[PDB]
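Undergrad:
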Amino acid sequence: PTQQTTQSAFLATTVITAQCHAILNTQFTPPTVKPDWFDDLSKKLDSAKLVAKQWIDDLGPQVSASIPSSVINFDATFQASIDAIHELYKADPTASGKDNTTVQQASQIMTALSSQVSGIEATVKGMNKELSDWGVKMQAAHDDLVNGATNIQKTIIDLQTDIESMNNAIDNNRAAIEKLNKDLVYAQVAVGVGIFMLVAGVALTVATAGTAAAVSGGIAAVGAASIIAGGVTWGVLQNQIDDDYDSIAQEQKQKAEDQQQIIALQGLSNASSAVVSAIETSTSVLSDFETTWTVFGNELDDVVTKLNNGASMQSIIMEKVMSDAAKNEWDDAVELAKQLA
Amino acid sequence: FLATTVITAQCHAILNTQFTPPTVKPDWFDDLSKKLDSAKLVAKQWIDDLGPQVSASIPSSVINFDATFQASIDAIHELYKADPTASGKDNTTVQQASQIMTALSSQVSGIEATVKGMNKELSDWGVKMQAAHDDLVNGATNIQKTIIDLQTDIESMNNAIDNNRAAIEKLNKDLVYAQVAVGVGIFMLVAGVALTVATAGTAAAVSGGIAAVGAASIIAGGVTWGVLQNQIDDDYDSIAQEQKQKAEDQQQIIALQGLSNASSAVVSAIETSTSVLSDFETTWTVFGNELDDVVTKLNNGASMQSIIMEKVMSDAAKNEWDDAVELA
Amino acid sequence: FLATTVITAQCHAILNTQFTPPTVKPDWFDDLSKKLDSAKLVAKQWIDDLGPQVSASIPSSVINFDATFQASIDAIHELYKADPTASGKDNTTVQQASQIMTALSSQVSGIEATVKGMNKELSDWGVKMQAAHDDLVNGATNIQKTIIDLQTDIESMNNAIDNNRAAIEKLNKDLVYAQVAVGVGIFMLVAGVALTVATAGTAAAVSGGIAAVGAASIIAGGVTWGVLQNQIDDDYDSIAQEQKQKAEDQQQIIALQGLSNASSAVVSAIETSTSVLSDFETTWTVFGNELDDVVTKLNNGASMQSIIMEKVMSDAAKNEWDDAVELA
Amino acid sequence: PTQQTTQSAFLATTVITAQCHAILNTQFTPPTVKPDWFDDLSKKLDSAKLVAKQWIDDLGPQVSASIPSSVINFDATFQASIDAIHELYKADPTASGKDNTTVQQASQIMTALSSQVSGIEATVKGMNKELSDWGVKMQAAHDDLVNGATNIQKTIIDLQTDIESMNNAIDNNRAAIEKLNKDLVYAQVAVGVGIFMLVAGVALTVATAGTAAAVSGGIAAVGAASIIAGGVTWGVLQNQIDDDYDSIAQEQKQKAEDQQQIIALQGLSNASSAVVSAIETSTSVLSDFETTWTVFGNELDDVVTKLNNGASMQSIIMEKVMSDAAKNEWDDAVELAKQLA
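Residue numbers (PDB author numbering), protein chains in the order written: chain B, 10 to 350; chain A, 19 to 346; chain C, 19 to 346; chain D, 10 to 350.
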């Protein structure tokens, strides 16, 4: 029927009303350290945001004035034309050739019906034009993401090699912390034998009254040197372990920020590409929906002119249009349009 | 599938939750509260201003279409039935129908204006909800920053506890050497004294040297025993303190994971609220153009304007009727 | 050899292989889990949506050609068997033929548009399949990365075990020297102290040097006996620790070989799926062009369109009658 | 015959789509250090994916619109319109000179078959034109890979010499670790002798106290020197062996990465050369398939102008164009083109 181009023209526009929100909700965080690409990819988001602004409060609501509202507006008069002709059937169902006044009255009322459906297709024309030039603005705010300062071709590869760089740094710092543990055990052994050799040296110096003070002073001096070496090595290695874990924290939150950036950029790119790919089908099927009502207006024009020429009132029942067999289909079409709202 | 109850449920969830701090509150937390309560400004400004307006715009369009519109259609219907052969705009009866037609199409213009103003009243509230979503999801990255920072802190405390346990093992194995030092020192001290007494002091230098390394070994092993035992107590206290810090910051991880789950739930709620506002604006501009239709039903013809406009009036009234009672 | 059964079997093979982490859970196994669950999302998006799409496109092409096409061919076969001579555009019989043919060739338009849109609905899925393939391979090279790393870890622990065994043999040789140092030392100590007590009345420090070198020999031999014995026990504990590391690394390498075989089976299934996908697009373009043939059939003549177009519709529809029962 | 060239041109293009899938399978992994040839042969891969991606989405399936669907659309009429003239033979089986409307209609049905066959070979021209531009773009992507910074003539050779470098460095490092094992044995006997003569020298110094104390302090001094020298030699050699096995890890991972890159570049070269050595046969035999329908177009059009001007109705059966054994071959053609599906 004609209902399945109405539902298809409404569905491909509700897809855009949904996915403009997917573009507009995409808003990534300012990082700790700000990269090079961050500013000149932000404005190309805002241009891709503001035109989606023109789909959330201006054109998104207005595309519902086109597809359900013009069909129910046409059927509001198409529920009135049939009874107005069916009442005048009882007066003169034989009057032909533009003779009786009521036949010419019904003729100019169906001419007003043709002007009403011409206004229907004019409303759909205005809505399709306001869809199309916004589509040029949204596509112009889209294709800059794929031509210059691209999110995919440059920054996805850049943030992937940045995530790999931070993973490499994390691996190097963890192997470094392993080696510093293996050196810290040596520092503790050195300060232990330093304690022992220092007290043994000064004890052999005192306990022999300095008769062997050369070798005992040597033992005490190597003990004090081992104390100092183990102590400052322990302090230095613990400072390097703490600074290595601070570096692990820094590049770990850097890798987290880069993952949060790539998911937002992939969402923005996929939403904008699907918005363009569905705006194409939306404009095409709205063009078919506009020409459907335009050729139906021309068909009603041909019926009006052939009714002005010579057509009998029973020849209108010989026609398909003003009977019950088409208004019964379009009652289901407006029931579908009430399902679509 | 009623898209007003969906926004009712989402704003109920947004007005519902109020997230609690962790044990130590960071620098952004109250600011995250300052990115929540502004949303707690709008979700009541929906349900105490625009929630009342969506429950007060429909009794203006069901009651004034129950009494005024039905009789005002019946009047022009009976004016059709009184003379179905009339013509002309300067007719008496066509004038009597045209005054009521222009009056009804002029008094639906005010309710048209308030419905078209309701579009603007929902528009700015929708963009404000979008902005309050984007500021809250802007603040909700510091939670992941502090979570991954405290995860690094947990890894650092695990490394330090492993280091201190290896130090406990090595200091036990060296404390054995300090005890062996005082043992062999006490033995060779009494060996030097007994060898000096037994040889009547003739083995003076040898047993004096044995006793000298004996005393040096007992006081050196004693000081090394005291220092290594004190160090073992110190890094047992360090193991206890770093295990306590690991449990405490792990508790902070669960607290901030609950906070991040709450903030993710609230921003997903506004994420769905934007699509449900899109569908409600779809239905609302359908109703606004339905009343635009009733205003463009001011069109008056020349001959018998009654059946050419008033059945369209009643049919658009019925299309408003079924949808507004679905919104009731 | 049925191409759709091949791809549904391969997608269910992607669904039933999840892979297990090794003992030390690395820093990339969460990323490999992300690559697998994205490939699972692609395989389940094909199984849950495009799967029933292929199985629901065919009864829509059978049922509409069961009765709706056959009533059309029966009607415009009656119009040719009863009146094969009528011509001219305003003729009533060719008007009936053009009415039922602009009914059929424009009621097939939605079904043709669906079957034509499924070409792009397959193409974006093939793009997502080759997308989920390559990041999975870039994650699965890290398998043999750590496999090579644990292989040289095995080599390092084997070299260190051989080093500790050579050190154990040399220390078990040097213990004999420390023990003969204690023996010769206690012999020279008792000889030197006997030599000093036998020379008490005069002086003999020549006798007092033998006992000094004997006492230093027992002290030095005892200290290195203790140190070399504790180093032997330390080297046995090091052989035990390195053999434990070698056993656990050999245990981890076969888990990594299993994970490598899992990622290899998944990428092999994706490759045969992406080839049989092109073999399915091979016939999907055939059915797309076959429903484009009805667009070629919509061009109607003026003079007895039955003998011009209707058996063409019957022959192409019978080719679709072959194909749609070949797809089930 | 008239079907086996269609099957041969289809066997020519399934080879193209299979080796194009072999091109799309080729994606080599990023190494730890990205060499000189990478950053170009990334995009010289990647662009040689994108034009190859044109075969994957549409154009490969669109050359599968040329052969196996046009035979169906051709015997939509050729299995049809032979039996239309068989009922026209019932009225006038010999009437010539354009006297009847039946002969004038059997003429225009053959002109309709002429326009249908011309539309078939025009669809074949469109699909072979798309194959022509895809084939020259595939040659355009093959040229810069196989000539400018050649993957096989340069980087296969440079990677083989890099593998030889890593092999010689691995054997060098394992010889160094064997030498370091022997030097470790010497350092262990150094510290083992040094502890003995240290404590022997200190016990001799504390016992003797003469010039024997001077030579005993010498013994203890060379003992402490041997302890410190053997100890730092032991520690330095364990440090060197651990760093050297980390070097063995680095070189073995580099050798495995290089073997993976060589296998990927061998697969790329085999796939792209098998594409380019078959795409010219694909265009040549699809041009053969187009000129087969062009020969069929003139071989129908001469029958058409003879049937218009001076043919009988038995003479249509007499010619082999409208014959039935050849039409049995042209039902075998449809069964073959459906077997190719």
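Beta carbons: idealized from backbone N, C-alpha and C, even for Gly.
#1: Return the residue from the list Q169/A, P39/A, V245/A that minimises the CA-CA distance to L193/A.
#2: Which value, in whole angstroms, describes the spacing of the CA atoms of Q36/D and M331/C?
#3: Would you identify the three-state DSSP class for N317/C, choosing helix, strand or coil?
#4: Identify the continuous alpha helix (DSSP H) that holds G144/A and give its terminal residues.
#5: Below 9 Å between beta carbons is the criterion; list the residues of the region 296 to 312 of chain C that meet it against any residue of chain A, in chain order.
#6: For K264/B, tell me which candidate among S282/B, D253/B, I179/B has the shortest Cα-Cα distance.
#7: Check whether the Cβ atoms of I236/D and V211/D lie closer than 8 Å to each other.
#8: Work out the CA separation of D333/A and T86/B for me, nearest whole Å.
#9: Would you identify the three-state DSSP class for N82/A, choosing helix, strand or coil?
#10: Report yes or no: is there a C-beta of chain A within less than 8 Å of the C-beta of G226/C?
#11: For the alpha helix (DSSP H) holding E338/C, just list the boundary residues, first then last.
#12: Listed from N- to C-terminal order along the chain, which residues in the region 137 to 160 of chain D have their beta-carbon within a distance smaller than 9 Å of any beta-carbon of chain A?
#13: Note down, in chain order, every chain B residue with its Cβ under 7 Å from the Cβ of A222/D.
#14: Going straight from the alpha carbon of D255/A to that of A216/B, what length do you get?
#15: Whole angstroms are fine: how far does the CA of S90/A sit from the CA of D84/A?
#16: Give me the Cβ distance between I25/B and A346/B, rounded to the nearest whole Å; I'm assuming they're in contact under 8 Å.
#17: Would you please verify whether the beta carbon of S281/C is less than 8 Å from any beta carbon of chain D?
#18: Strictly under 8 Å for the Cβ-Cβ distance: is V202/C near chain D by that measure?
#19: So what's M206/C in DSSP terms, helix, strand or just coil?
#20: Name the two residues that bound the continuous alpha helix (DSSP H) containing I326/C.
#21: For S291/B, which option in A57/B, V72/B, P44/B has the closest C-alpha, if you only look at C-alpha atoms?
#22: If you pair each beta-carbon of the region 38 to 47 of chain C with each one of the region 64 to 79 of chain C, do three or more pairs fall below 8 Å?
#23: Please report whether the beta-carbon of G239/D lies at a distance below 8 Å from any beta-carbon of chain B.
#24: Report buried or exposed for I166/B, applying the criterion of at least 16 other Cβ atoms within 10 angstroms of its Cβ.
#25: Going by other Cβ atoms of all chains shown within 10 Å of its Cβ, with 16 needed for buried, is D171/B buried or exposed?
#26: Which residues in chain B have a C-beta closer than 7 Å to the C-beta of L246/A? List them in chain order.
#27: Could you tell me the alpha carbon to alpha carbon distance between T120/D and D310/D, rounded to whole angstroms?
#28: With DSSP collapsed to three states, give me the class of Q269/D.
#29: By the three-class DSSP mapping on this structure, what secondary structure does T103/D have?
#30: What does the alpha-carbon distance come out to for the pair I161/A and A280/B?
#31: Take the Cβ of residue 17/A as the centre, count every other Cβ of all protein chains shown within 10 Å, and call the residue buried at 16 or more, exposed below.
#32: Between the beta-carbon of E308/C and the beta-carbon of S78/D, is there less than 8 Å?
#33: Contact defined as beta carbons within less than 8 Å: I believe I65/D pairs with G144/C. What is the distance between those atoms, to the nearest angstrom?
#34: In chain B, what lies closer than 8 Å to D45/C by C-beta?
#35: Taking the Cβ atom as the reference point for each residue, do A184/A and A209/B lie within a distance shorter than 8 Å?
#36: Assuming the contact rule is C-beta atoms closer than 8 Å, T214/D and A229/D should be a hit. Round their C-beta distance to whole Å, please.
TA: Taking the structure as given:
#1: One-based indexing of the second sequence puts residue 193/A at position 175. Nearest option by C-alpha distance: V245/A.
#2: The residue you call residue 36/D lines up with position 27 of the fourth sequence. The residue you call residue 331/C lines up with position 313 of the third sequence. If you take the alpha carbons of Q36/D and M331/C, they lie about 47 Å apart.
#3: Here residue 317/C is taken as the residue at index 299 of the third sequence, counted from 1. Three-state result, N317/C: coil.
#4: Translated into the one-based positions of the second sequence, residue 144/A becomes position 126. 110 to 157 is the extent of the alpha helix (DSSP H) around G144/A.
#5: none
#6: Locating residue 264/B in the first sequence gives position 255, counting from the first residue. Considering only alpha carbons, the answer is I179/B.
#7: The residue given as residue 236/D occupies position 227 in the fourth sequence. The residue given as residue 211/D occupies position 202 in the fourth sequence. Not closer than 8 Å, so no.
#8: Taking the first sequence and counting its residues from 1, the one referred to as residue 86/B is at position 77. Taking the second sequence and counting its residues from 1, the one referred to as residue 333/A is at position 315. Approximately 8 Å between the Cα atoms of the pair.
#9: Counted from its first residue, the second sequence places residue 82/A at position 64. Coil.
#10: Along the third sequence, one-based indexing puts residue 226/C at 208. Yes, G226/C lies at the interface with chain A (some Cβ there is under 8 Å from its Cβ).
#11: Here the question's residue 338/C lines up with position 320 in the third sequence. 329 to 344 is the extent of the alpha helix (DSSP H) around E338/C.
#12: none
#13: Here residue 222/D is taken as the residue at index 213 of the fourth sequence, counted from 1. Result: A221.
#14: Working through the second sequence from its first residue, we reach residue 255/A at position 237. Working through the first sequence from its first residue, we reach residue 216/B at position 207. So the two alpha carbons sit approximately 37 Å from each other.
#15: Here residue 84/A corresponds to residue number 66 of the second sequence, with the count starting at 1. Here residue 90/A corresponds to residue number 72 of the second sequence, with the count starting at 1. Cα-Cα distance, rounded: 10 Å.
#16: Counting from one through the first sequence, the residue named residue 25/B turns up at place 16. Counting from one through the first sequence, the residue named residue 346/B turns up at place 337. About 19 Å; that fails the 8 Å criterion.
#17: In the third sequence, the residue the question calls residue 281/C occupies position 263. No, no contact with chain D.
#18: Taking the third sequence and counting its residues from 1, the one referred to as residue 202/C is at position 184. False, the Cβ-Cβ gap to chain D never drops below 8 Å.
#19: Translated into the one-based positions of the third sequence, residue 206/C becomes position 188. It is helical.
#20: Working through the third sequence from its first residue, we reach residue 326/C at position 308. Looking at the DSSP string, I326/C is not in any alpha helix (DSSP H), and its letter there is neither H nor E.
#21: Position 282 of the first sequence, counted from the start, is the residue given in the question as residue 291/B. Checked all of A57/B, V72/B, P44/B; the closest Cα to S291/B is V72/B.
#22: no
#23: On the fourth sequence, residue 239/D is found 230 positions in, with the first residue counted as 1. No, its Cβ sits nowhere closer than 8 Å to a Cβ of chain B.
#24: Against the first sequence, residue 166/B aligns to sequence position 157. Counting Cβ neighbours within 10 Å, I166/B comes out exposed, since fewer than 16 surround it.
#25: Here residue 171/B refers to the residue found at position 162 when the first sequence is read from its first residue. Its Cβ being crowded by 16 or more others within 10 Å, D171/B is buried.
#26: Taking the first residue of the second sequence as 1, we reach residue 246/A at position 228. The contacting residues are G201.
#27: Start at 1 with the first residue of the fourth sequence, and residue 120/D comes out as number 111. Start at 1 with the first residue of the fourth sequence, and residue 310/D comes out as number 301. In a straight line, the C-alpha of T120/D is about 8 Å away from that of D310/D.
#28: The residue you call residue 269/D lines up with position 260 of the fourth sequence. In this structure, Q269/D counts as helix in the three-state DSSP scheme.
#29: For the purposes of this step, residue 103/D is taken as the residue at position 94 of the fourth sequence. Here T103/D sits in coil by DSSP.
#30: Taking the second sequence and counting its residues from 1, the one referred to as residue 161/A is at position 143. Taking the first sequence and counting its residues from 1, the one referred to as residue 280/B is at position 271. Roughly 27 Å separates the two Cα atoms.
#31: Residue 17/A is absent from the structure shown; chain A starts at 19 and stops at 346.
#32: The sequence position of residue 308/C within the third sequence is 290, counting from 1. The sequence position of residue 78/D within the fourth sequence is 69, counting from 1. Cβ distance < 8 Å, so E308/C and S78/D count as in contact.
#33: In the fourth sequence, residue 65/D corresponds to position 56, counting from 1. In the third sequence, residue 144/C corresponds to position 126, counting from 1. Their Cβ separation, rounded to whole angstroms, is 7 Å, which keeps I65/D and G144/C in contact under 8 Å.
#34: As a working note, residue 45/C is residue 27 in the third sequence. The contacting residues are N176, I179, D180.
#35: Residue numbering aside, residue 184/A sits at position 166 when the second sequence is read from its first letter. Residue numbering aside, residue 209/B sits at position 200 when the first sequence is read from its first letter. No, they are not a contact pair.
#36: The residue given as residue 214/D occupies position 205 in the fourth sequence. The residue given as residue 229/D occupies position 220 in the fourth sequence. Right, their Cβ atoms sit about 6 Å apart.
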